[PDB]
Structures are given as structure tokens and as C-alpha cells.
Amino acid sequence: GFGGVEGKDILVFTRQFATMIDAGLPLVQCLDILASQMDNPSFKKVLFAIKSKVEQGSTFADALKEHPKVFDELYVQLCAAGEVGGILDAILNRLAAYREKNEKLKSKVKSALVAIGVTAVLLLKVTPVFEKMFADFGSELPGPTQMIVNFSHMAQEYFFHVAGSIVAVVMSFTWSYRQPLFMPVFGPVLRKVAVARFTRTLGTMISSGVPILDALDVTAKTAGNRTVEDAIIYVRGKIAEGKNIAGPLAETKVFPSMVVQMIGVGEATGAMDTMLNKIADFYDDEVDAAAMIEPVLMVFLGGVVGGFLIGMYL
Amino acid sequence: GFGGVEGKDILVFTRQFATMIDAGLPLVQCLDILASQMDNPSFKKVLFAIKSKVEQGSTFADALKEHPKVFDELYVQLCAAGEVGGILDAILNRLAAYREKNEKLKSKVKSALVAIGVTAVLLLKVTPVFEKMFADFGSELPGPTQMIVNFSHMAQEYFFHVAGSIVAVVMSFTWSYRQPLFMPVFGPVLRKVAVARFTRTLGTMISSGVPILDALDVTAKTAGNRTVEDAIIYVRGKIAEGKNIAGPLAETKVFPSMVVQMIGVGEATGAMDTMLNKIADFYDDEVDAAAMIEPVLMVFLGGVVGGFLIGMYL
Amino acid sequence: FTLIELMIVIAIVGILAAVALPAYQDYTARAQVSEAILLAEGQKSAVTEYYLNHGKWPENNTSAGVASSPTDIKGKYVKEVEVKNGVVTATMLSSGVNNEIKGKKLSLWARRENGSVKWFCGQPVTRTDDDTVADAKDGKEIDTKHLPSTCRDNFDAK
Amino acid sequence: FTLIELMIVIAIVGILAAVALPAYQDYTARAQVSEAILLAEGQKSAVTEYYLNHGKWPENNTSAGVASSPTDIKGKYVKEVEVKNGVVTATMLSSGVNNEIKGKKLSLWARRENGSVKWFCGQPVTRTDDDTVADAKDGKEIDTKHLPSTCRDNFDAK
């Protein structure tokens, strides 16, 4: 018996492979880099073993088959479908987006059938069960009827409470579904997520040995947010013209003073790889902290429960 | 009407004065340095004005009196008590520790009625509500009584469950209050805080113009953690013998590969001041952000809930 | 950083007890008085018979044919019950009762209906003549708030 | 963040009073009617004797030899008791009673057994002949729900 790896940790590693492979590095060199940039041993250890099979000439799909407890049949088949069709790059991008959506969805049920499914049944009916069970403590409560009425009339009068229960359900479903003119002012710009991804990708390609300009040309093709893609094309154009990396960044609001000042050190130090790796880890942890997706649950959780109980009493 | 300054910003500045004054720099030169190293204008601006009074010959206590909205009566009196008794150095160290405890205590109530208050009620009773909900689903559960007993006996037998609920509460309160044989292995070593303080102190004395070795001799007397003091005495001893600063650091785990690589660039560039200032501000921001403070919550969260449910079951 | 759910819920049960304190404290007193009333009654029989058979109100317990000793008609909250000229007064003990009702009392008295009598229940009264009583005004009467709706009778109720 | 134990427990006692409200309100009315019945009875004696001695039902209170004035046979919840041809009706006061029973009444009537009579208790009735009465149908009868199991008699009960 062996377990997989965390949702976070699959995420980081699938993202960073998709990024390196779409950069045109050799698959074995992609594998080496993410292993060598890893913080947990179990990841660095596996990825050396996956790479060891790839250097014997096996496909990535067949190399991941050595860890079926970590990469399930659906993951390998996605890889292998990409390898068979000549689309390994775009299926890894798909898998990275998949792993990101999976981790975010995990944090965000749990915060405040897997665990998400069992916890989501369990939260969706907790209250409405409470409710039915206070309303089953005997007869002649607030709002009931006597049991001798005809059933249809008894059930229709309680319709109030059947309704307050369904509304309670709809609410906890909404919290679980949501929760996992200046025209340019209205466009979605770069977020925290998109800066964290950028920084990880660049930290990744620099630590591997790619120059800054080669890493930026790859990244400018793999950036999801259009306004950031436009930002990064401008940063790369500025750097390729001979402007200093920290100065192309300083023109764009999305990079704080600390980010620019830290990058500006990294330029003079030949340590940009790592400046970016520490920036990226800082951002990835700020991202996963960012907490209102769990407090607003609980607001609607007990607020609806209490609204039911109040409802019939009155 | 004028406001004070932030808890963070009093902190940084009281620390860095205590550090410079305990170094034996002249008080006016201490004042100049922290003003000249400041990032906010309002701080650099005041500290030029406090220094302007000190160069007219006034005490630091009487110079801070020009900003009574920033340095309260209790702060000045501590300074003035230090100045009257010949202990200005040790009362500034006390004030720096005070300001650090004040900022940390501020972040840490406020963090998460705001959102923290609403989320903390909401987490503290979630479980104990679930619990009362499953135990209100009728009669003749695990451990109950029949309703016809006398109330006092019924309530006393359940005392088990009333107790398992309170314990659940105490636990989630502990996680919210805390959280905001190899004998040497058991000693508290250097933390993030202690590295951030060290780096700020050194960034501070180097930017002011002190050499590395003069700054290390002061710092080795003002380091609070004993194991770090022992580390820093070894770093200073190595440097004074003619070993290169990055090489004395590289022997000690508390300095990452990059802190060392960055310091190693600073040695060859004559920019150790700039390097240390940016290292320190990176660390100070990592400190105030700060991942095990959230995983251990959840351990006690569901672990206590489950302990209750099992408790009456049996 | 965290633990406020345990701190607030221990402090809402604390204030819940403080709000439930005066409710249980008059419900409680009102309960201890309802007995002084039961101990006072059931002695109406003796008094009624004595009056109808003789046409004069029983002067004291012995006359009424009841525990010759007032203190022998006590209870948990009742320190006694004395018959004074047909008027039966019940005294509240000093131990085991509210706080503003101990050592306090009420009275039951009757009136000639001619062939029968009618009983009243209320705050302490003294008998003047065979068909008239008056407030035993003195300061030891059980406060109106502690008396049932059935025991709000005035000295001149008819 | 915290305080819901005080808020819910103050709101469960509030709703507990609302559930305990109708129980105390019919237990209460049912109690106020049980007396109209006691005031009605004890007047059976006069009526019985009058009938057995004369063979005719007493026309009114005075005939039956009772407080010549109906209003003189009142109570706390009883506004009076009138004897109308052997039928004794009790009226519920307007003050101090439930709400759906005030100004409402019941009747006690008897029937010749020949040598003796048997009494009935139920909703208001009128006497037709010496051995027959009928529903005093008019809308002021105390509702069946407020009447004891011993006072559910119909106009033609034998």
C-alpha cells in the first residue's frame, strides 16, 4: 500500500512540466529540472525515477506508470494521448490547468465520494436533518398540526418547513458550487494567481539554465491572462532592446516595489534563478492563504438553519 | 489632529535605533541613519526633525516630544528614564522588544466583529452544533436517556457529551489564541524573526558606514537567541581571521544558499549595505505573512469533533 | 489569531444564566407562595364548620380544631399557619425561600353569606367584627407580584 | 464570532411559552367551566326536594328556595345561576375567564324517575313539559371542548 501526493504538490509539478516541455526543452531535461527544484523529497525522488525510465527511451506516460498510486489511469491516458497525437505540450497544459482546479477545489470545500463529496453531502444535509428532528419531538409544536388531520392537509400546512429546509439546502449548495465609460478599466487584469504562475515558470526555466530572454519568449506564449501576455510581450521587447529586467518590470503595476527591488539585486548577482524561486514560493503561499470563501459559508450555514427554526416558531 | 504611525513602522524604527545606539554611534548619527534607510516619507521626515532637536543639544526624550501623537508619554518617559540613569541603550532595547511584541500582537488579533471575529465564532461553534444536532435527532441514541427521566438526572448522564463539546471548544480556542537523548537537538535555534532582526541590524550599520567587523562585534552583543549568538561569534571570529563573509555564513544552516550567494556578490561589489537591506526587507515581509499554523488547526478541528461522536457512541 | 468560538460561547451561557436568573427567581418565589396558600386552605373546612355550627369565628387554631400550635402547621417555605378569629394567615419560613418573601405572609378570611360563607385570599388582614376585616398593614405582606391571580383579594372584597 | 447560546436559549423559552400558551389557555378555560358546574350543582338539592314534595319543577330561584336573585349565585368566572322550571343554568362572567367561554353557559336539568329523579349536565336547555327539555339553541353555549366528560349530556338523554 502506497498513497499519492497532495493536491498542491501534483499541481506545482504538473504546472512546471507543462511549462518546461512547452519551452522546447528535452523531456528528460524538463524532468531533471523539476526534480532539482523540488522542496519535498518524495517528489524529487519520484521524478528522478520517472526521468530514469524516459532516458531508457520509454514515453512519459509509460514512465509515470511506475507511480500508478500518484498518476492515475486518467492522467497517464491524457499524457499518452498527447504523445500518440504529437500534442504532449498542449495535454500537459491541460493537465496543469486540471491539477490547479483540483487543488483550488479541494482547499475550498474543506476550508472552515472523496473527502469533498462526503463533507458536501454531510454539510448540505446537517441542518435540514436537525430541523426534521426538532419537528419530530412529539406533536403540537409551533406551526404543526395534530396528527388526526387528513395527511394531505397536514403535509400542505407544513409546506412552510419543507420550504425552509429546501432553501437551506439551496444555500449550502450555492456556497459549495460558487466557492469551489472607460472600457480598458473593465478588462480582467493580472491576479495573484497569474503572478504566482509567471514567477514559478520563470524561476523554473532560469534554475534549469535557460537565459532570461529564452524563458520570457516561452512564457509570453504560455501566459493565460491576455493583459499579462501584453505586459510580458512588452517586458521581453524592452529587455531584448537592452533595458535592464527590473526596469521593464517597474513600468507595470502588477510587480510590487519589493519584487522589482529583489529582481534588481538578482540582475547584479547572477542569482535571478533563485530570487525568482523564493518570490514564487512566497506568492504560491500568499495565494493558498487567500479565507473569505469559508467565513461567508458559515454565515449562510447557521443563518439559514436559524431562519428555518424561527420560521415555524412564529 | 494628527495620527501616530503603524505598529510595524514604530517597530522597525525603534529596533534599528536601539541597535545603532547600543553600537556606540553618536545619537545624532544613529538618527540620521534610520531616517536615511527609511521607506515611508513620514518616518524619514520625522526623524530628520527629531535629529534636528538632538543637534540643538536636547535629549532624545525631549526631541521625541515634538511628535507626542507618535511617541506617547509612556514611550518618552522610558527614554527619559534611560537618559537620566545612563541606561539609554538598555531602555531602547526594551522599547524595541516592546514595539515588536505590540506589532505581533496587533496582526494576530486582527488577522482573519471583522472577518477574524466572524470566522472565529463560526469555527469555535461548528462542530459542537453538529454534535447537538446529531444528539437531537430523536431519542434512544448511543449513550442518551429516555425523556421521561427526571430532567436533572438526564442532564447529568449526558454530562459526557456536554464535556466533549466544551473540550471541542477549548481546543479550537487554543488553536485560535496560540496560532494568532540528543540534548543539543532540543535547544531553540535561530528562527525567521531572529534572522530578520540580524539582517536589519547589519543592513542598518553597513548603510550608515560602519565596517562589517565593527557591525558584527555590536550585533554579537545584541543577539537574543543564544545559539545564534554562538553562530555570530563564530562568523565574526572567522571573518576577523581573514575568511570571506559568505564562507563564514555558509557553515551555518540558518543562512539559505541564496542569502550566501547574494552576500557573496555583495563582497565583490562593495554593495553589502544594499544587499543586506533588501535581504532584510524580504525577511521582514516573509515574517509578517507567517503554513503549519493552519494544518495543525484542522488536525485538532476534525479530531476533536470525531472524538465527541465516538465518545457517546461507545 | 483564532480561538474566539470557545470564549464567546462560554460567555453567552454565562450571560444566559444572568438573564435566566430573575425568571427562575420569581417563578421560584411565586411557587413558594402558591404553597403557603395550599397550607392556608384545607383549614377552611375547620373554620367554615366552626362558624356555621356556632355563628362565631374560631378564635384560634384550637378553637377551629387544628394543630393547637401554629408552628405545627408549617411547611418547607411555610413557617406556620395561624387562625385568628376565622382569619387564617400563612407565614413564609426564613430558610429555603426567595429573598423578598421570607418571613412574609398572606391571609384567607371568609364572610357570612347567611347559611354559608364565601372565602377570600390575599394580603394579611385582621378581623374587626364578625363580618369585617382590615389590612394588617405592617410591612410583612407578601408582595402582589408573588401572589396568584386567584389571591388578589382586598380587605373589602365581597 | 461567538454568542449564540444566550440568543437561542432566550428564543427557545420564548417559543416554549408560545407552545405552552394554548395548553394553559384550554386547561385554564376547562378549569373555569368546572366551577360553573359546581355552582350549578348543590342547587340540585333545592330543586330535587321541590319536585318530589310537590310534583312540579320550581319555576325560579325563589320557588326552589335559593337566593331569590340569580346574580346572587355568582362566582369568579360565574356571573350567575338561574333556576328556570327545574333547569339550572350557569352563566360565565365576562371578566376573569378564557376568551371563548365568557358570557357562555351550561345547564343541569332532571327527569322524573318516579319516586326520585336523575340529573343531567350539559349545554343550555329549556324545559318544555315536566318531563322534556330542549336545546336552548342560541349561540351562547359553552363549547363541547370546555365541558368535562361528565357533562356531555344531550337534551334527550335518559
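Reading guide: rules and limits
- Residues numbered from 1 in each chain as written, not as in the entry; some residues may be left out.
- Chains lettered and ligands numbered in written order.
- Part of a larger assembly, values for the part shown.
- Heavy atoms only, no water.
- Residues with missing side-chain atoms left out of burial classes, pairs and counts.
- Helix = DSSP H or I, 4+ residues; strand = E, 2+ residues; numbered from the N terminus.
- Rg over C-alpha atoms; globule rule 2.2 N^0.38 Å.
- Pairing = 2+ DSSP bridges.
- Contact = heavy atoms within 4.5 Å.
- Axes fitted to C-alpha atoms, helices over the stretch in contact; angles between N-to-C directions.
- Least-squares fit on C-alpha atoms.

Looking at the entry header, you'll see cryo-EM listed as the method.

Draft legend 1. Region of interest: the overall build of chain A. Helix and strand content of chain A: 16 helices and 0 strands. The C-alpha atoms of chain A give 26 Å as radius of gyration, which overshoots the globular expectation for 314 residues (20 Å, by more than 25%).

Draft legend 2. Representation of the pairing of strand β3 (residues 105-112) of chain D. Residues and elements named next belong to chain D. Here strand β2 (residues 87-92) runs beside β3; their pairing, made up of 4 bridges, is antiparallel. Each residue of the ladder has a partner; that of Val88, found in β3, is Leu108. Where β3 lies against strand β4 (residues 117-122), 6 bridges are found, and the strand directions are antiparallel. Each bridged residue has a counterpart across the sheet, and for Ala110 the counterpart in β4 is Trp119. Between β3 and β4, which pair antiparallel in sequence order, lie 4 residues; one of them, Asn114, sits at a positive phi of approximately 85°.

Draft legend 3. Structural view of the arrangement of the chains. Counting contacts across all 4 pairs of chains that touch, the top pair turns out to be chains B and C. Left apart from each other, chain A and chain C have a closest C-alpha approach of 12 Å. At the C-alpha level, the nearest point of chain A lies 6 Å from chain D, with no contact between them.

Draft legend 4. Up close: the sheet that holds strand β1 (residues 78-84) of chain D. Residues and elements named next belong to chain D. The strand order across the open sheet formed by 4 strands is β1-β2-β3-β4, and the pairing between neighbours is antiparallel. Two strands close off the open sheet at either side, each with one partner strand: β1 and β4. When strand polarity is set aside, the average angle formed by the axes of neighbouring strands in this sheet is 15°. Across 6 bridges, the pairing between β1 and β2 is antiparallel. Each bridged residue has a counterpart across the sheet, and for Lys84 the counterpart in β2 is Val87.

Draft legend 5. The relation of the copies chain D and chain C, seen in detail. When chain D is fitted to chain C, the residual RMSD is 0.0 Å, and the transformation amounts to a turn of 101° plus an axial shift of 11 Å. A share of only 20% of interface residues in chain D that are also interface residues in chain C marks the association as one of differing surfaces.

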